[PDB]
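Engineer: pasting the sequence and an experimental structure:
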Amino acid sequence: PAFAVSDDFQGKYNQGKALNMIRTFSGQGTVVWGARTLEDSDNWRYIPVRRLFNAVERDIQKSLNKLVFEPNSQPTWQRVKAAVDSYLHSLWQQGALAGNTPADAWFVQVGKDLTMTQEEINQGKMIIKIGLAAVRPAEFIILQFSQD
Amino acid sequence: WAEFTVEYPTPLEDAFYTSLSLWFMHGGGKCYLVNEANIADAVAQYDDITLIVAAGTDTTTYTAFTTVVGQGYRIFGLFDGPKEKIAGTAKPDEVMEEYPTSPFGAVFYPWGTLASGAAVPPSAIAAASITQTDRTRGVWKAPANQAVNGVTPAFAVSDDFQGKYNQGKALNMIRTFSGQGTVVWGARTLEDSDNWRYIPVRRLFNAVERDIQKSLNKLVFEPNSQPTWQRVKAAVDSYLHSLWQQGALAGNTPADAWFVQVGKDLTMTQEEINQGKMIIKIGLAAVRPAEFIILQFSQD
Amino acid sequence: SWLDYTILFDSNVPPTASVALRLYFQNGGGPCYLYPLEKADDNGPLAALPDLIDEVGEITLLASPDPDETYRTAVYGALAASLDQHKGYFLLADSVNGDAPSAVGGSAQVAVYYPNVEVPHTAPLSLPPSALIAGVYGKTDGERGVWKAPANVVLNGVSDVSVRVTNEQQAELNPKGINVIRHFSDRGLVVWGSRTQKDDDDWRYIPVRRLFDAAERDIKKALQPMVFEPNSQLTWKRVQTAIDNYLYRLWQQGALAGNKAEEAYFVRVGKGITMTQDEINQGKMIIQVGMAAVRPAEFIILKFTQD
Amino acid sequence: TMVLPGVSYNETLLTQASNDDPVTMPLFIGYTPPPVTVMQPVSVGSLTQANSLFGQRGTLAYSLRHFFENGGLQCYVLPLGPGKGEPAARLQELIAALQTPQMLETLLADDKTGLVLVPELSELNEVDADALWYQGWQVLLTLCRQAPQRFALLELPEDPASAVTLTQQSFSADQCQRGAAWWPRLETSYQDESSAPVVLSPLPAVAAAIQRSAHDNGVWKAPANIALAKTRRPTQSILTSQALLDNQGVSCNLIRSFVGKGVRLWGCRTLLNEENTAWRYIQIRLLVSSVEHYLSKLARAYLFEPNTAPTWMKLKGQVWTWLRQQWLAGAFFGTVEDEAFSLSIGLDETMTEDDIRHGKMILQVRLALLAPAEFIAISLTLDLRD
């Protein structure tokens, strides 16, 4: 890097937006430092938690192009539900998304009356919803001493 | 040496000439010599290259070095120390960042000046220690007490300037003693990490697999069956066990000193079998070099 | 060492800095640093002092061997602010007379050694003892370790104290805790007392202060390579173990005053305990750790009885 | 594509042979007796060798002569230049010569004596000297302190209260571990170019039997009760000096002329003026140091080892072999080897994986201790028998 920035000039540019300076340490050198995106909302910070949701759907959308115009019936609903969670279970053991009892880590549901009732089945729609909790970086590490 | 001498009957003093003189003074092997422009090329070709010397050439060298490890071709390069006489009063790290960090390399400062001839980069000189190491015993032995011949270090360095630069990175100065003369000294990679210090334990895994990954190329397109899987497991472990009973890797009850696991669901589950993919995994106990020595007295 | 000091610097003739520094090496070894400055009120480099100490990662103790009061109190106030952000310093100080100096009023990291020590030179010149008392901390951590209070260690090479203190005003000076250099007949001069400044039962002792100051600096230096890793569960059990195997080795060499049970550490890093969900989103980790240090044994009481 | 049988020659080795122990070597560190260096230790074959070089006359040159004529084995000589004349100037520039940092660079790069000796302190009796007695020794203490294993060798002022107040002084324990003095300076039968005795320091007659008894008996027995060769008497007895009997300052080594036998050495108890630390009884200080020299002798052999438990065992046979002989040579305490010496290298017996990944190679060394039989507590019993 052309400059030597500071220890504290990182501090006033860490809120609001995400300057994300490039700072050189002793030992390890010229390393990047700070992974933060432009907003500060508790859903969308932490660049790796954005790219996790960004790349977990571009492989499902690429695959389901050969499953359109298929009959919207009962053997379809129990096959997509059994094919998605077999991909998430391969992704939970690898440490990508955190949680014990892996029914707690994600959920997948598809049916006839929990979602997509009878009239929007007659229009052809096949709607699903899945939700999962990813991991987040340990940007701040605080540690407490006591006597006991 | 022969075709070298029919190439160079001509006593040069440039460092590569002093290298192959020194290199083939220690025996030496079928060793190549490519320019600073064609590093990756023959590496992509010749599939044998284990070592990368620094003949005082750094600038494009380090980039081409970090180029190919940017595709990771399982080699151990090794660099030169800076030219001469760090004052050592100050300035402790600013002599290091000129060298790219990796688990692959060290610099070996003193510029063993080879009082017969020209000042030789100790990239060439420490390779002779390795040349009489593998010839002595393998790779996991650290080439750290092989003494070289007729080469004089420019500098008789220190113990403390030695000791204060033992950490951080991989200075690894080459110091003359009594008994052992002009001997290599200190073994450590660039990172001071618990996974990677101690260059042979890096170079162990640098050597542990290029045999294996090569060997199983004949074995693809094969029916991914259960009796395949057990059979594949059956060959490695014994070769490990030999290599364990060689004392290359540490650890008793050697299926403790390694492990190995391959199956249908502990590894390589259904759809990626259906995708053709097989995955395996191992992990193992290796030796670590006894670099340091303290000792305790008591009067009991 | 003393050899390379003679190469870079010189010994002049009138001039106490060259005399006070060679007494450091005769007591205890180890390297040392030095920062030369010429004018006491030159607040240019004095303001530029604390941003040079941080870039070298090691600095632990702080001292000033200069004799007079106007130079020392200008220094002690210059870096007094750099003691309370918990990076790990511990300075030393001397007292001009029977009470403590007021440049650093009340802090957990000071230590005052009252009577100044003289030394013969070609009339013997006095010397503030903050120089040679730094070298005696370099022997105690060698064989005995950090957790032993340096009192019975003997000062190596001196004539006599400047003023002779007796036991009846030792009773007054041992509260408002400041230490004392004593003189004995059989064994000569010796340091005495190991109490810090502020006197609540939290930290009244030098080693209990310096044990927590060294245990933090070793774990904080090695967690710095892992500072942006994901906050999942397999990271938690790998950190909680590497802290567990550090206090256990330090327990079984006689530095944590616990009995034959395990009760010397309760390091926990879980999510149900010690944290909850909503501070994961503003990425945090909490390391609740705690020790039980050992106290020095003074005031030994016999209380004989008949039966 | 082809290949020959590849007869594959190799061979193996030998040679533990390293043995030296030059701790028992003395160094004579005087000036030149009036073309040597001012700085280098010089080995001595004999007085016929060395004292014939640069005169048998001087201060060193008599104490040269007083070494092998008292039965030395070999000494070393570090000359220091042509000392000036006016010995009060010579023996204070010597301090400034000692205050050179140029000392230890020739001392830490010496590794061939362990015995530091200047016999020239008799001129201190001639010429405040007690500060020079003090701070000169304070140099000698810190030198041998910062030396790995070297040992200061002193003598007292024969004048009482010049030595007593000198002993009445603050000294750290570590320097009192290493260094002692002899109060009765000796009247030799050397002729002071005349009928007069050369009153020499005991120090060369001291040093002669030391390595010799270390050669003959080993170090572990004693230094004392040795009749001295070429001396008329010790110049002052303890009977005329009832001072220094106050055991409030540090201990001495008395030298006594006996009646029916010679001038017998009568002190071996270091200036740790102390009853419990096994760092009095000077032979104990020096017996360990040569073993330290002997274990360092083989430590650097096992330098860049691997951290394996079998590789530990390779050393474990060696020391168990070696000290066994030595305890069976009566150098050590105990009627079994198990109470003689004990080893405790192991996985978490010395080390851990952190020190395996710090490559440390650690061992715990135990030894039980002998003692000399200094005093004679007789009790009688008549036992009536009717």
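Structural biologist: Cool, got the structure. Numbering: from 1, shown residues only, chains lettered A, B, ... in the order given.
Engineer: would you mark the buried spots in stretch D:195-211?
Structural biologist: Going by neighbour count (16 or more other C-beta atoms under 10 Å in any protein chain shown), the buried part of stretch D:195-211 is D:197-211. Any C-beta I mention is one placed from the backbone N, CA and C, and that applies to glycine too.
Engineer: spell out the residue ranges of the helices in the stretch 1-150 of chain D.
Structural biologist: Ranges of helices in the stretch 1-150 of chain D, per DSSP state H, counting those that start in this stretch, are D:47-50, D:60-68, D:87-98, D:104-107, D:122-126, D:129-146.
Engineer: repeat that for chain C.
Structural biologist: C:3-8, C:17-27, C:43-47, C:50-53, C:69-76, C:137-143, C:167-173, C:206-222, C:233-251 (DSSP state H).
Engineer: out of those helices, the one nearest chain D is which?
Structural biologist: Relative to chain D, the nearest member of these by C-beta to the nearest C-beta is helix C:3-8, separated by 3.9 Å.
Engineer: chain center to the closest one: distance?
Structural biologist: Between the centre of helix C:3-8 and the centre of its chain there are 27 Å (C-alpha atoms, centre = their mean, to the nearest Å).
Engineer: again, but for stretch C:192-203
Structural biologist: 12 Å.
Engineer: repeat that for stretch C:229-245.
Structural biologist: 31 Å.
Engineer: so how far is residue D:316 from the residue nearest to residue C:103 when sequence neighbours are not counted?
Structural biologist: In space, residue C:103 comes closest to residue C:76 once its chain neighbours are excluded; the distance is 4.2 Å by C-beta to C-beta, 6 or more residues apart in numbering or on different chains. Plainly put, residue C:76 is 55 Å away from residue D:316 if you go by C-beta to C-beta, to the nearest Å.
Engineer: cool, and residue C:160?
Structural biologist: Taking C-beta to C-beta, one finds residue C:160 at 53 Å from residue D:316.
Engineer: doesn't residue C:101 make contact with the residue nearest to residue C:103?
Structural biologist: Yes: under the criterion of C-beta atoms under 8 Å, residue C:76 makes contact with residue C:101 at 7.2 Å.
Engineer: what's the overlap in contacts for those two?
Structural biologist: Common contacts of residue C:76 and residue C:101, defined by C-beta atoms under 8 Å, 6 or more residues apart in numbering or on different chains, comprise residue C:93.
Engineer: okay, the longest strand along chain A in PDB with CA atoms only?
Structural biologist: Counting by DSSP state E, the longest strand found in chain A is strand A:140-147. Output of strand A:140-147 as PDB, limited to C-alpha atoms (Å, rounded to 0.1, in the frame of the first residue of the first chain):
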ATOM      1  CA  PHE A 140     -15.200  -8.000  17.300                       C
ATOM      2  CA  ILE A 141     -13.600 -10.200  19.900                       C
ATOM      3  CA  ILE A 142     -14.100  -9.100  23.500                       C
ATOM      4  CA  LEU A 143     -12.800 -11.100  26.500                       C
ATOM      5  CA  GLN A 144     -13.600 -10.700  30.200                       C
ATOM      6  CA  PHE A 145     -11.400 -11.600  33.200                       C
ATOM      7  CA  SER A 146     -12.800 -12.300  36.600                       C
ATOM      8  CA  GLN A 147     -11.900 -14.100  39.900                       C
END
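Engineer: I'd like to know which elements that strand is packed against.
Structural biologist: Here strand A:140-147 is seen to pack against helix C:206-222, strand C:284-291 when contacts are counted using 3 or more C-beta pairs under 8 Å, 6 or more residues apart in numbering or on different chains; DSSP states H and E.
Engineer: for these, give me a markdown table that also has mean neighbour count and distance to chain A.
Structural biologist: What follows is the helices and strands packed on strand A:140-147, written out as a markdown table (neighbours: other C-beta atoms under 10 Å in any protein chain shown; distance: least, C-beta to the nearest C-beta, whole Å):
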| stretch | mean neighbour count | distance to chain A |
| --- | --- | --- |
| helix C:206-222 | 17 | 6 |
| strand C:284-291 | 19 | 4 |
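Engineer: between the ones you listed, which one is closest to chain B.
Structural biologist: Across those, closest to chain B is helix C:206-222 (C-beta to the nearest C-beta), at 9.4 Å.
Engineer: contact partners for the one residue in the stretch 1-150 of chain D that gets nearest to chain B?
Structural biologist: Across the stretch 1-150 of chain D, no residue is closer to chain B than residue D:18, which sits at 8.7 Å (C-beta to the nearest C-beta). Taking C-beta under 8 Å, 6+ apart as the criterion, residue D:18 is in contact with D:297, D:298.
Engineer: how about the strands in the stretch 1-150 of chain C?
Structural biologist: Assigned strands in the stretch 1-150 of chain C, in chain order: C:61-62, C:90-91, C:93-94, C:112-113, C:117-119, C:125-127 (criterion: DSSP state E, counting those that start in this stretch).
Engineer: right, so of those, which gets closest to chain B?
Structural biologist: It's strand C:61-62; of the strands of the stretch 1-150 of chain C, that one is closest to chain B (C-beta to the nearest C-beta) at 19.0 Å.
Engineer: who touches the closest one?
Structural biologist: With C-beta under 8 Å, 6+ apart as the test, strand C:61-62 has contacts from C:79, C:89, C:90, C:91, C:92, C:134, C:137.
Engineer: tell me how many other residues surround the residue nearest to residue C:103.
Structural biologist: By other C-beta atoms under 10 Å in any protein chain shown, 18 other residues sit near residue C:76.
Engineer: ok, it - contacts?
Structural biologist: So residue C:76 contacts C:64, C:91, C:93, C:101, C:103, C:104 (C-beta under 8 Å, 6+ apart).
Engineer: same list (those) but as TSV, adding neighbour count.
Structural biologist: TSV is the format used below for these (neighbours: other C-beta atoms under 10 Å in any protein chain shown):
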residue	neighbour count
C:64	20
C:91	21
C:93	22
C:101	18
C:103	16
C:104	19
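Engineer: would a markdown table of those residues with distance to residue D:41 be doable?
Structural biologist: Formatted as a markdown table, the contacts of residue C:76 follow (distance: C-beta to C-beta, whole Å):
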| residue | distance to residue D:41 |
| --- | --- |
| C:64 | 41 |
| C:91 | 44 |
| C:93 | 46 |
| C:101 | 51 |
| C:103 | 52 |
| C:104 | 52 |
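Engineer: excluding its backbone neighbours, what's nearest residue D:329?
Structural biologist: Nearest to residue D:329 is residue D:218, by C-beta to C-beta, 6+ apart, at 7.4 Å.
Engineer: ignore the last one, residue D:117
Structural biologist: residue D:153 (4.7 Å).
Engineer: check residue D:292 too.
Structural biologist: Nearest one to residue D:292, counting by C-beta to C-beta, 6+ apart, is residue D:149 at 6.5 Å.
Engineer: ok, residue A:118 next?
Structural biologist: Per C-beta to C-beta, 6+ apart, closest to residue A:118 is residue A:112, 7.7 Å.
Engineer: show me which residues of the stretch 151-300 of chain C sit near chain A.
Structural biologist: C:212, C:216, C:219-220, C:223, C:225-235, C:266, C:280-293 (C-beta under 8 Å from any C-beta of the partner chain).
Engineer: dig out what residue D:151 forms beta bridges with.
Structural biologist: Per DSSP bridges, the residues bridged to residue D:151 are residue D:115.
Engineer: what sits against it?
Structural biologist: By C-beta under 8 Å, 6+ apart, the neighbours of residue D:151 are D:114, D:115, D:116, D:144, D:178, D:179, D:285, D:286.
Engineer: just put the strands of the stretch 1-150 of chain C in JSON lines and tack on distance to residue D:350.
Structural biologist: Listed next are those as JSON lines, based on distance: least, C-beta to C-beta, whole Å:
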{"stretch": "strand C:61-62", "distance to residue D:350": "31"}
{"stretch": "strand C:90-91", "distance to residue D:350": "31"}
{"stretch": "strand C:93-94", "distance to residue D:350": "41"}
{"stretch": "strand C:112-113", "distance to residue D:350": "38"}
{"stretch": "strand C:117-119", "distance to residue D:350": "41"}
{"stretch": "strand C:125-127", "distance to residue D:350": "43"}
